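Comments concern the structure below.
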Ligand code: NFU
Ligand code: SF4
Ligand code: SF4
Ligand code: SF4
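Chains as they are written, first to last, in the deposited numbering: chain I, 1 to 114; chain M, 3 to 319; chain J, 13 to 155; chain K, 4 to 169; chain L, 7 to 380; chain N, 2 to 122.
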């Protein structure tokens, strides 16, 4: 698509970028203090690992990567699409057999005419 | 090939000097607009050094991506500098090289969200699912405009089609009377994209507001914070350079080995004039909005105008 | 242990104030020391939103029993060189609340304070005077 | 106005109705009730006039004759206005008293403070959980109680003078 | 469901509390409130101090409304023991309180403009507050927590220089109030961020006893400066306020009507201070002077009940004082703050709206916690 | 679509900053009867114990065998009730307000030190 040797320059500029960006930490670790390891998250400092005065944390989140609604007229059609397709896959053996039988008949009927 | 390394080092040092200085002038103007002396001009060159000074803190629940995403963010910005129009045609510009630009301008924000979300406490988990909704919501609005203008400047003749070095040959402003309307509809959609990419104004959502003022970057503390505050300023310069490249490139001819730097200064001045409206005025004049209202605006009053502009400009050729 | 590249934090301090049971008299003076009449951003101060960033804590209020671990918890998370400035006449031993079963007074017996500013409440010029005095102590401490 | 004293008087005998005026032209009516008549009067105030808001939920301690008092206010459609005051008492031998959180739905919020400060366990209110007193704190150590269980004497910290340490 | 707290130590807030919320991803399915972080034990210290020392422990109970707690306590002690107050003392009281509620409303107007972005409205209203700040510093003492009311009367009179010094800030604010009138009506941000959030019906506004501008915003006309004739308030003109006069004729109290009410009260106060400044006599201010014989009288006054009510800048507060003879100070003292039912009322008006609606809903009614968890 | 602050901001940029530089200029001047650091004298002190009755925030501790009293002013709240009840007038209010310090127990914040207490005796 692009060039003939052009996907080989991309690696060159990417590696020289990583060399500069890692050299900067290699400099800045020397001048200045070191590190340490604390844990509370700096996140609502009242509690880190406690039990009960009122209810508290540890109600962890699942995979919810949607917090928005466009025109709020597409989510209903998407759910009505996924519902039928989700409960098509029953799991009974005559479904398997009937599917391959009607596929064979479909290809035969088309190939006879044209 | 080795003459493509000297440019990638020297232009990097140039842009890393200039961008922070533009940020300092911006904070001075915003301070004078509300009766204040404000900080001195080269104020970010002290904040950068004191953030490199301190002691970095790693939480006890942290992956190998907590210490390695603010390297890959700066790496895919430095590697993006080689494909951008600095006024002269870029160094590695071949027949493709628009989708490489869109891909690497998308990919830095995903590294930022993966670096924030790969930590412990769930302030980062809520401050990341708000990030990627706004990332998905603002990049069908620029793809239509840029693909329509790159297709339309290829009718009258060029040898490297769909490439950013082809955007200095012929512009929008010589297609006749109907293109003068697509010019202002396209000025609208590009100013809206430029305000929503660097995230200031209405769209100041995932930066200094996690339920009050916690932010997305509530956790990075030492060197890492200094590197992220540098990388976002370089990206601020890059996106506005794209906006002034598409809209009006009017450079001098001036042959010689020193017309390059004169055209470089003229492009830097046009970058300053385009930031001065958008970032400064639109930050001073309007507060935040929301997240559920920032999504239904980019699919209704920005993406619609891109379709109107692209269709009307298609009916000019 | 303080090594060398820290003269710059004397020209760019970032603050973060820790309320522990005040009556909101000095919190106005923290906020009103940044409005256009008593302006402070020209030194470089900048109200930050998390204790990972800041390097000057700005503790007010008498230490109320319920907020006693929180003050000892937010002291680790601020990184190195940092100071502590106690503002008012109730980190310095209570004012009218020295005789309660709930307020364990002066803030020195909890964490190592550096500069005290008396008054009830102090005028905002006294806070600027206090931060200048503490910052020149830490400039002395570098050399 | 000044006629509500007579209206509560002629309806409910064996109660202590009195009117007090003090020094700038303001009058307040005071009444002291037994138990069952207290619940019936809190029923009767809500039917005497459509919904009237009430201010405070004071409890206190007079010895082994614990009390409770309220400041219901009504007829505020005109700038004269009127405001009544009720109080009831209870023995320490049986610290119970009927709740009124069916008529005025905010009295639970003063009742929780009443439980946790000074004794006085009410009727089966829907919530008996405490508020603004810490959980890492002893049980029967009622702070505003006068002399029975004043908290200890020995957890009163002073943060004393510098002259007394030299 | 995810369980996250709100945090005692935040950015944005000036007081520590815990508002625990159960959030369904982005909505709110339940919110409850716990408090007790400012619990300094105010009744317990106040149980063993004498009468004079509680007059100063009462005004440091909160910072913004520091004149109201100093006012109603004196009203309660005078209603208990029985002490007359002259005319000049009452005129100075209604000058000082009505002058300080402007200070209480402008910083509220600035803080609500801070949580929706908008640093500009913050810096400009907090620049406009400084004339009232210099007036109060000139007449009394320090800027906040100023004390000038004793058991007898006031502690210093204004004279004639302060008349000149006060009659200029009125003229200064008459050129400022139309600008914040005109910005507030039509903005692209204010009407898109604080409209149609936390709607409060009149049934729950009456049955949970909401008091201040949270009450009369949705519509219930009542005011303790009006509903009881107090002081010199009836014969200088006093009315309640309604968002119908400021903003057309709407009545849907959500957040926007409350800001309309807080601007209408500034428009009332600029005239109620103006007319009351020339209608004063000369006389005495300090019923028994030279406050030495007052400390030789604490053994004698007592034996009664007492209750006092007044209009705070955020609602209507009330104190109760019971004392007994042969003693030094009181026997029982209890204050009630106006943001107790307003904090218990909004917890049901937050019936599943948003996540970023939370700060702009909570900071809408002045969550001055320092009087809540006393 | 509606941006009403814009003429205000454009007019506002072409004016003076309207601020007060503190480490170059005198600060904002105080009024006349301004509250400050309480100043104390020893020579006029009859020891009538009236100050300890009226002080809401205990800075005063009476001591017998010489009829004086000490104080620690770092806990004062500036409420004047010791000034207007003292008969002998050895307590005045000053105009100082710049009181930052390093230690709680300085020499400026305490009066009538115990060595001077034995020097009186
Ligand atoms: N307004 C007000 Fe306060 Ni800080 C409350 N609640 C005290 O009156
Ligand atoms: S230091 Fe004084 S003014 Fe400040 S909160 Fe405490 S009592 Fe109030
Ligand atoms: S100041 Fe007054 S009360 Fe105090 S010891 Fe001296 S004379 Fe006595
Ligand atoms: S102002 Fe007066 S009463 Fe208050 S601490 Fe100072 S000397 Fe004592």
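Where is the CB? At the ideal position from N, CA and C, for every residue including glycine.
Give the secondary structure of residue i by DSSP, where H, G and I count as helix, E and B as strand, and everything else as coil.
i: residue 72 of chain J; result: strand
i: residue 45 of chain M; result: coil
i: residue 33 of chain I; result: coil
i: residue 76 of chain I; result: helix
i: residue 200 of chain M; result: coil
i: residue 35 of chain N; result: coil
i: residue 30 of chain K; result: strand
i: residue 109 of chain L; result: helix
i: residue 92 of chain K; result: strand
i: residue 32 of chain J; result: coil
Would you say residue i lies against chain M (beta-carbon separation less than 9 angstroms)?
i: residue 362 of chain L; result: yes
i: residue 7 of chain N; result: yes
Mind checking if residue i is an interface residue toward chain N, Cβ cutoff 9 angstroms exclusive?
i: residue 187 of chain L; result: no
i: residue 142 of chain J; result: yes
i: residue 27 of chain M; result: no
i: residue 310 of chain M; result: no
i: residue 105 of chain J; result: yes
Contact criterion: CB-CB distance below 9 angstroms. Does residue i meet it with respect to chain K?
i: residue 103 of chain N; result: no
i: residue 350 of chain L; result: yes
Following a CB-centred definition, is residue i positioned closer than 8 angstroms to any heavy atom of ligand 2?
i: residue 38 of chain J; result: yes
i: residue 48 of chain L; result: no
i: residue 298 of chain L; result: no
i: residue 146 of chain K; result: no
i: residue 107 of chain J; result: yes
So, does the CB of residue i fall closer than 9 angstroms to a CB anywhere in chain I?
i: residue 54 of chain M; result: yes
i: residue 12 of chain L; result: yes
i: residue 153 of chain M; result: no
Kindly examine ligand 4 and report whether one of its heavy atoms sits closer than 8 angstroms to the Cβ of residue i.
i: residue 61 of chain N; result: yes
i: residue 35 of chain J; result: no
i: residue 154 of chain L; result: no
i: residue 79 of chain N; result: yes
i: residue 235 of chain L; result: no
i: residue 55 of chain N; result: yes
i: residue 58 of chain N; result: yes
i: residue 82 of chain N; result: yes
Quick check: is the beta carbon of residue i nearer than 9 angstroms to any beta carbon in chain L?
i: residue 67 of chain I; result: yes
i: residue 135 of chain J; result: yes
i: residue 61 of chain I; result: yes
i: residue 116 of chain J; result: no
Is residue i close to ligand 1? I mean its beta-carbon at under 8 angstroms from any heavy atom of the ligand.
i: residue 280 of chain L; result: no
i: residue 343 of chain L; result: yes
i: residue 350 of chain L; result: no
i: residue 318 of chain L; result: yes
i: residue 72 of chain J; result: no
Cβ of residue i less than 9 angstroms from any chain J Cβ?
i: residue 141 of chain K; result: no
i: residue 77 of chain N; result: yes
i: residue 275 of chain L; result: no
For this session: Any chance you could list the residues with Cβ under 5 angstroms from a heavy atom of ligand 3, keeping chain order?
Result: N:46, N:47, N:48, N:49, N:51, N:52, N:70, N:87 and N:89
Problem set entry | Contacting positions in the region 200-232 of chain L - beta carbon closer than 7 angstroms to chain K | 212, 213, 214, 215, 228 and 232
For this session: Using a Cβ-Cβ cut-off of less than 7 angstroms, list which residues of the region 289-316 of chain L approach chain N; keep chain order.
Result: 297, 298 and 301
Exercise. When Cβ atoms are compared, which residues of the region 89-103 of chain M fall closer than 8 angstroms to chain I?
Worked result: 94, 96, 97, 98, 99 and 102
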